[PDB]
$ cat coords_11.pdb   # PDB, C-alpha atoms
ATOM      1  CA  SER P 246       0.000   0.000   0.000
ATOM      2  CA  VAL P 247       2.949   2.296   0.662
ATOM      3  CA  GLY P 248       4.588   0.765  -2.408
ATOM      4  CA  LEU P 249       8.181   1.088  -1.159
ATOM      5  CA  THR P 250       8.646  -2.658  -0.789
ATOM      6  CA  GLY P 251      11.489  -3.249  -3.225
ATOM      7  CA  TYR P 252      13.105  -0.961  -5.760
ATOM      8  CA  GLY P 253      16.637  -0.575  -4.393
ATOM      9  CA  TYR P 254      15.870  -2.010  -0.978
ATOM     10  CA  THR P 255      17.206  -5.365   0.223
ATOM     11  CA  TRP P 256      14.953  -6.852   2.890
ATOM     12  CA  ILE P 257      16.810  -9.354   5.074
ATOM     13  CA  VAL P 258      14.658 -11.879   6.892
ATOM     14  CA  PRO P 259      15.135 -15.023   9.041
ATOM     15  CA  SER P 260      14.076 -18.520   8.044
ATOM     16  CA  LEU P 261      10.900 -18.191  10.125
ATOM     17  CA  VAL P 262       9.267 -16.070   7.417
ATOM     18  CA  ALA P 263      10.581 -18.181   4.538
ATOM     19  CA  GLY P 264       9.161 -21.360   6.061
ATOM     20  CA  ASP P 265       8.602 -23.854   3.267
ATOM     21  CA  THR P 266      10.752 -22.449   0.469
ATOM     22  CA  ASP P 267       8.594 -24.236  -2.115
ATOM     23  CA  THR P 268       5.537 -22.080  -1.342
ATOM     24  CA  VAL P 269       6.191 -18.376  -1.973
ATOM     25  CA  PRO P 270       3.068 -16.272  -1.259
ATOM     26  CA  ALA P 271       3.915 -13.960  -4.223
ATOM     27  CA  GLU P 272       3.602 -10.966  -1.864
ATOM     28  CA  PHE P 273       7.276 -11.285  -0.938
ATOM     29  CA  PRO P 274       9.220  -8.640  -2.884
ATOM     30  CA  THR P 275      11.845  -9.843  -5.319
ATOM     31  CA  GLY P 276      15.301  -9.665  -3.790
ATOM     32  CA  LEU P 277      14.333 -10.950  -0.342
ATOM     33  CA  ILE P 278      17.222 -12.414   1.658
ATOM     34  CA  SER P 279      16.719 -15.245   4.134
ATOM     35  CA  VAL P 280      18.982 -17.469   6.213
ATOM     36  CA  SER P 281      17.767 -21.052   5.890
ATOM     37  CA  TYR P 282      19.270 -24.255   7.200
ATOM     38  CA  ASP P 283      21.200 -26.557   4.860
ATOM     39  CA  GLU P 284      18.162 -28.534   3.769
ATOM     40  CA  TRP P 285      19.487 -28.748   0.202
ATOM     41  CA  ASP P 286      22.748 -30.496   1.113
ATOM     42  CA  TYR P 287      22.073 -32.223   4.455
ATOM     43  CA  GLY P 288      19.443 -34.760   3.506
ATOM     44  CA  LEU P 289      17.958 -37.333   5.835
ATOM     45  CA  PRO P 290      20.726 -39.963   5.342
ATOM     46  CA  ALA P 291      23.326 -37.357   6.315
ATOM     47  CA  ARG P 292      21.501 -36.203   9.447
ATOM     48  CA  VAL P 293      20.671 -39.684  10.749
ATOM     49  CA  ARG P 294      24.372 -40.584  10.657
ATOM     50  CA  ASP P 295      25.238 -37.622  12.887
TER      51      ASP P 295
ATOM     52  CA  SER R 246      -2.476   4.231   0.883
ATOM     53  CA  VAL R 247       1.046   5.555   1.325
ATOM     54  CA  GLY R 248      -0.311   7.457   4.317
ATOM     55  CA  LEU R 249       2.305  10.208   3.954
ATOM     56  CA  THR R 250      -0.246  12.877   3.104
ATOM     57  CA  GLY R 251       0.364  15.348   5.906
ATOM     58  CA  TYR R 252       2.736  15.114   8.841
ATOM     59  CA  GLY R 253       5.317  17.803   8.066
ATOM     60  CA  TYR R 254       4.304  18.286   4.455
ATOM     61  CA  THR R 255       2.700  21.533   3.270
ATOM     62  CA  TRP R 256       0.526  20.804   0.243
ATOM     63  CA  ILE R 257      -0.287  23.892  -1.829
ATOM     64  CA  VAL R 258      -3.247  23.841  -4.176
ATOM     65  CA  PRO R 259      -5.196  26.202  -6.492
ATOM     66  CA  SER R 260      -8.832  27.206  -6.098
ATOM     67  CA  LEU R 261      -9.899  24.482  -8.538
ATOM     68  CA  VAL R 262      -9.307  21.681  -6.028
ATOM     69  CA  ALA R 263     -10.676  23.656  -3.077
ATOM     70  CA  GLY R 264     -13.898  24.400  -4.951
ATOM     71  CA  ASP R 265     -16.685  25.212  -2.520
ATOM     72  CA  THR R 266     -14.878  26.109   0.701
ATOM     73  CA  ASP R 267     -17.955  25.141   2.734
ATOM     74  CA  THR R 268     -17.591  21.446   1.843
ATOM     75  CA  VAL R 269     -14.480  19.411   2.667
ATOM     76  CA  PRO R 270     -14.359  15.759   1.522
ATOM     77  CA  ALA R 271     -12.536  14.920   4.792
ATOM     78  CA  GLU R 272      -9.700  13.399   2.719
ATOM     79  CA  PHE R 273      -7.969  16.780   2.485
ATOM     80  CA  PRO R 274      -5.022  16.781   4.911
ATOM     81  CA  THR R 275      -4.986  19.281   7.745
ATOM     82  CA  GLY R 276      -2.749  22.208   6.858
ATOM     83  CA  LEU R 277      -3.593  22.281   3.148
ATOM     84  CA  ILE R 278      -2.946  25.692   1.582
ATOM     85  CA  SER R 279      -5.057  27.051  -1.261
ATOM     86  CA  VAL R 280      -5.394  30.305  -3.185
ATOM     87  CA  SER R 281      -8.939  31.592  -3.537
ATOM     88  CA  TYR R 282     -10.761  34.673  -4.724
ATOM     89  CA  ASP R 283     -12.025  37.231  -2.205
ATOM     90  CA  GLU R 284     -15.492  35.780  -1.773
ATOM     91  CA  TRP R 285     -15.543  36.914   1.864
ATOM     92  CA  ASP R 286     -14.675  40.568   1.195
ATOM     93  CA  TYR R 287     -15.818  41.263  -2.387
ATOM     94  CA  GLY R 288     -19.521  40.751  -1.818
ATOM     95  CA  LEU R 289     -22.127  40.729  -4.554
ATOM     96  CA  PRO R 290     -23.078  44.426  -4.104
ATOM     97  CA  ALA R 291     -19.369  45.274  -4.286
ATOM     98  CA  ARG R 292     -18.848  43.366  -7.537
ATOM     99  CA  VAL R 293     -22.019  44.764  -9.119
ATOM    100  CA  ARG R 294     -21.010  48.403  -8.668
ATOM    101  CA  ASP R 295     -17.489  47.567  -9.836
TER     102      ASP R 295
END

$ encode --input "coords_11.pdb" --output "C-alpha cells"
Amino acid sequence: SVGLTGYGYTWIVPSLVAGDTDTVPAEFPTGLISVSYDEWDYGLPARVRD
Amino acid sequence: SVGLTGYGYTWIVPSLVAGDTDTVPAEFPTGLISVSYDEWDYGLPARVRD
C-alpha cells in the first residue's frame, strides 16, 4: 500500500518467514534475503548418521 | 495508501481543487494551503457596482 517494498531495498529476513521455500506467497518482494538451514545439502541420510 | 499525506508536508493547491470552501471531503489533509478569490470581502453588491 505504501509501495516502497522493493526498488533498491534489500529486505533481510530469518528462516521463520521463509518457512517452506517451495511455497512463496507472491507478496514477498523480489530480492528478499533469508537465512535457511542446509536442507538442500544435508538430507535425511546425512543427518541420521550424525 | 502511502499514508504520507500530511505530517510535516505543506501541500499547496489552487482554487480548482478547493472548490466550494464550505464542503471538505474529509480526505484533504490538515494544513492544506489554497489560493482563492475574495469571496468573503468582495460581496455581490461590491462586484455589481465595480

$ resolve_selection --input "coords_11.pdb" --expression "the PyMOL selection byres ((chain R and resi 278) around 12)" --output "short mmCIF file (atom, residue, chain, number, x, y, z; two decimals) with C-alpha atoms, in the coordinates of the input"
data_model
loop_
_atom_site.label_atom_id
_atom_site.label_comp_id
_atom_site.auth_asym_id
_atom_site.auth_seq_id
_atom_site.Cartn_x
_atom_site.Cartn_y
_atom_site.Cartn_z
CA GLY R 251 0.36 15.35 5.91
CA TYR R 254 4.30 18.29 4.46
CA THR R 255 2.70 21.53 3.27
CA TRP R 256 0.53 20.80 0.24
CA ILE R 257 -0.29 23.89 -1.83
CA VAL R 258 -3.25 23.84 -4.18
CA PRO R 259 -5.20 26.20 -6.49
CA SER R 260 -8.83 27.21 -6.10
CA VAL R 262 -9.31 21.68 -6.03
CA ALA R 263 -10.68 23.66 -3.08
CA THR R 266 -14.88 26.11 0.70
CA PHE R 273 -7.97 16.78 2.48
CA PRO R 274 -5.02 16.78 4.91
CA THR R 275 -4.99 19.28 7.74
CA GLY R 276 -2.75 22.21 6.86
CA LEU R 277 -3.59 22.28 3.15
CA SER R 279 -5.06 27.05 -1.26
CA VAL R 280 -5.39 30.30 -3.18
CA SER R 281 -8.94 31.59 -3.54
#

$ calpha_fit_and_write --input "coords_11.pdb" --fixed "chain R" --moving "chain P" --output "short mmCIF file (atom, residue, chain, number, x, y, z; two decimals) with C-alpha atoms, keeping the file's coordinate frame"
data_model
loop_
_atom_site.label_atom_id
_atom_site.label_comp_id
_atom_site.auth_asym_id
_atom_site.auth_seq_id
_atom_site.Cartn_x
_atom_site.Cartn_y
_atom_site.Cartn_z
CA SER P 246 -2.62 4.38 1.17
CA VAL P 247 0.99 5.54 1.19
CA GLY P 248 0.15 7.47 4.36
CA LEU P 249 2.60 10.34 3.75
CA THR P 250 -0.14 12.88 3.16
CA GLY P 251 0.55 15.32 5.97
CA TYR P 252 2.91 15.11 8.92
CA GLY P 253 5.40 17.90 8.18
CA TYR P 254 4.35 18.40 4.59
CA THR P 255 2.53 21.51 3.35
CA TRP P 256 0.50 20.76 0.24
CA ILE P 257 -0.17 23.90 -1.80
CA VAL P 258 -3.14 23.74 -4.15
CA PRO P 259 -5.10 26.11 -6.43
CA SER P 260 -8.71 27.15 -5.91
CA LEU P 261 -9.86 24.56 -8.45
CA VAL P 262 -9.46 21.77 -5.89
CA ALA P 263 -10.92 23.79 -3.01
CA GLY P 264 -14.06 24.57 -5.00
CA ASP P 265 -16.86 25.29 -2.54
CA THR P 266 -14.97 25.99 0.67
CA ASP P 267 -18.04 25.01 2.71
CA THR P 268 -17.84 21.36 1.62
CA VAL P 269 -14.55 19.72 2.65
CA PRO P 270 -14.44 16.04 1.60
CA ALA P 271 -12.55 15.15 4.84
CA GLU P 272 -9.90 13.40 2.71
CA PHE P 273 -7.98 16.66 2.38
CA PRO P 274 -5.05 16.57 4.83
CA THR P 275 -4.98 19.18 7.56
CA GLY P 276 -2.68 22.04 6.64
CA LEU P 277 -3.71 22.29 2.99
CA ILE P 278 -2.99 25.67 1.38
CA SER P 279 -5.19 27.09 -1.37
CA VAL P 280 -5.43 30.40 -3.22
CA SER P 281 -9.08 31.41 -3.39
CA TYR P 282 -10.66 34.58 -4.69
CA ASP P 283 -11.85 37.26 -2.25
CA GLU P 284 -15.32 35.81 -1.84
CA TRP P 285 -15.34 36.69 1.87
CA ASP P 286 -14.82 40.43 1.37
CA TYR P 287 -16.07 41.17 -2.17
CA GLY P 288 -19.75 40.38 -1.87
CA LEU P 289 -22.30 40.84 -4.61
CA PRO P 290 -23.01 44.55 -3.89
CA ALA P 291 -19.28 45.28 -4.20
CA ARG P 292 -18.85 43.42 -7.49
CA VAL P 293 -21.94 44.84 -9.19
CA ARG P 294 -20.65 48.37 -8.56
CA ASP P 295 -17.39 47.59 -10.37
#

$ closest_residue --input "coords_11.pdb" --among "R:247, R:252, R:288, R:282" --to "chain P" --atoms "only C-alpha atoms"
R:247

$ closest_atom_pairs --input "coords_11.pdb" --of "chain P" --to "chain R" --cutoff "10 Å" --atoms "only C-alpha atoms" --output "CSV"
residue,atom,partner,partner_atom,distance
P:246,CA,R:246,CA,5.0
P:247,CA,R:247,CA,3.8
P:248,CA,R:247,CA,7.0
P:249,CA,R:247,CA,8.8

$ atom_distance --input "coords_11.pdb" --atom1 "CA of residue 287 (chain R)" --atom2 "CA of residue 264 (chain R)"
17.2 Å

$ axis_aligned_box --input "coords_11.pdb" --around "region 265-271 of chain P" --padding-each-side "6 Å" --output "JSON"
{"center_x": 6.9, "center_y": -19.1, "center_z": -0.5, "size_x": 19.7, "size_y": 22.3, "size_z": 19.5}

$ atom_distance --input "coords_11.pdb" --atom1 "CA of residue 291 (chain R)" --atom2 "CA of residue 269 (chain R)"
27.2 Å

$ atom_distance --input "coords_11.pdb" --atom1 "CA of residue 268 (chain R)" --atom2 "CA of residue 290 (chain R)"
24.4 Å

$ build_atoms --input "coords_11.pdb" --residues "region 263-277 of chain P" --atoms "N, CA, C and O atoms" --output "PDB file, in the coordinates of the input"
ATOM      1  N   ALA P 263      10.483 -17.370   5.746  1.00  0.00           N
ATOM      2  CA  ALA P 263      10.581 -18.181   4.538  1.00  0.00           C
ATOM      3  C   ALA P 263       9.800 -19.479   4.681  1.00  0.00           C
ATOM      4  O   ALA P 263       9.076 -19.878   3.761  1.00  0.00           O
ATOM      5  N   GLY P 264       9.920 -20.141   5.829  1.00  0.00           N
ATOM      6  CA  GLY P 264       9.161 -21.360   6.061  1.00  0.00           C
ATOM      7  C   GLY P 264       9.478 -22.404   5.013  1.00  0.00           C
ATOM      8  O   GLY P 264      10.642 -22.734   4.761  1.00  0.00           O
ATOM      9  N   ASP P 265       8.433 -22.936   4.386  1.00  0.00           N
ATOM     10  CA  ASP P 265       8.602 -23.854   3.267  1.00  0.00           C
ATOM     11  C   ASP P 265       9.006 -23.044   2.044  1.00  0.00           C
ATOM     12  O   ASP P 265       8.211 -22.258   1.520  1.00  0.00           O
ATOM     13  N   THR P 266      10.246 -23.229   1.590  1.00  0.00           N
ATOM     14  CA  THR P 266      10.752 -22.449   0.469  1.00  0.00           C
ATOM     15  C   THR P 266      10.038 -22.771  -0.835  1.00  0.00           C
ATOM     16  O   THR P 266      10.124 -21.985  -1.784  1.00  0.00           O
ATOM     17  N   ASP P 267       9.345 -23.909  -0.909  1.00  0.00           N
ATOM     18  CA  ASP P 267       8.594 -24.236  -2.115  1.00  0.00           C
ATOM     19  C   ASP P 267       7.437 -23.267  -2.328  1.00  0.00           C
ATOM     20  O   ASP P 267       7.184 -22.835  -3.457  1.00  0.00           O
ATOM     21  N   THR P 268       6.734 -22.908  -1.258  1.00  0.00           N
ATOM     22  CA  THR P 268       5.537 -22.080  -1.342  1.00  0.00           C
ATOM     23  C   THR P 268       5.915 -20.634  -1.048  1.00  0.00           C
ATOM     24  O   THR P 268       6.186 -20.278   0.102  1.00  0.00           O
ATOM     25  N   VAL P 269       5.918 -19.805  -2.082  1.00  0.00           N
ATOM     26  CA  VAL P 269       6.191 -18.376  -1.973  1.00  0.00           C
ATOM     27  C   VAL P 269       4.870 -17.639  -2.162  1.00  0.00           C
ATOM     28  O   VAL P 269       4.238 -17.778  -3.218  1.00  0.00           O
ATOM     29  N   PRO P 270       4.417 -16.851  -1.184  1.00  0.00           N
ATOM     30  CA  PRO P 270       3.068 -16.272  -1.259  1.00  0.00           C
ATOM     31  C   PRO P 270       2.905 -15.190  -2.312  1.00  0.00           C
ATOM     32  O   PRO P 270       1.839 -14.566  -2.363  1.00  0.00           O
ATOM     33  N   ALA P 271       3.925 -14.924  -3.127  1.00  0.00           N
ATOM     34  CA  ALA P 271       3.915 -13.960  -4.223  1.00  0.00           C
ATOM     35  C   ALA P 271       3.783 -12.521  -3.741  1.00  0.00           C
ATOM     36  O   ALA P 271       3.892 -11.596  -4.555  1.00  0.00           O
ATOM     37  N   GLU P 272       3.559 -12.296  -2.448  1.00  0.00           N
ATOM     38  CA  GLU P 272       3.602 -10.966  -1.864  1.00  0.00           C
ATOM     39  C   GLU P 272       4.974 -10.621  -1.310  1.00  0.00           C
ATOM     40  O   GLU P 272       5.176  -9.493  -0.850  1.00  0.00           O
ATOM     41  N   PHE P 273       5.905 -11.561  -1.335  1.00  0.00           N
ATOM     42  CA  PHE P 273       7.276 -11.285  -0.938  1.00  0.00           C
ATOM     43  C   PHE P 273       7.988 -10.548  -2.062  1.00  0.00           C
ATOM     44  O   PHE P 273       8.022 -11.043  -3.192  1.00  0.00           O
ATOM     45  N   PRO P 274       8.570  -9.383  -1.802  1.00  0.00           N
ATOM     46  CA  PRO P 274       9.220  -8.640  -2.884  1.00  0.00           C
ATOM     47  C   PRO P 274      10.436  -9.382  -3.408  1.00  0.00           C
ATOM     48  O   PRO P 274      11.132 -10.084  -2.671  1.00  0.00           O
ATOM     49  N   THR P 275      10.679  -9.228  -4.706  1.00  0.00           N
ATOM     50  CA  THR P 275      11.845  -9.843  -5.319  1.00  0.00           C
ATOM     51  C   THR P 275      13.116  -9.235  -4.743  1.00  0.00           C
ATOM     52  O   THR P 275      13.215  -8.018  -4.559  1.00  0.00           O
ATOM     53  N   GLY P 276      14.092 -10.088  -4.457  1.00  0.00           N
ATOM     54  CA  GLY P 276      15.301  -9.665  -3.790  1.00  0.00           C
ATOM     55  C   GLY P 276      15.334  -9.921  -2.301  1.00  0.00           C
ATOM     56  O   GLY P 276      16.276  -9.472  -1.636  1.00  0.00           O
ATOM     57  N   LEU P 277      14.341 -10.620  -1.758  1.00  0.00           N
ATOM     58  CA  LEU P 277      14.333 -10.950  -0.342  1.00  0.00           C
ATOM     59  C   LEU P 277      15.510 -11.854  -0.002  1.00  0.00           C
ATOM     60  O   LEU P 277      15.890 -12.726  -0.786  1.00  0.00           O
TER      61      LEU P 277
END
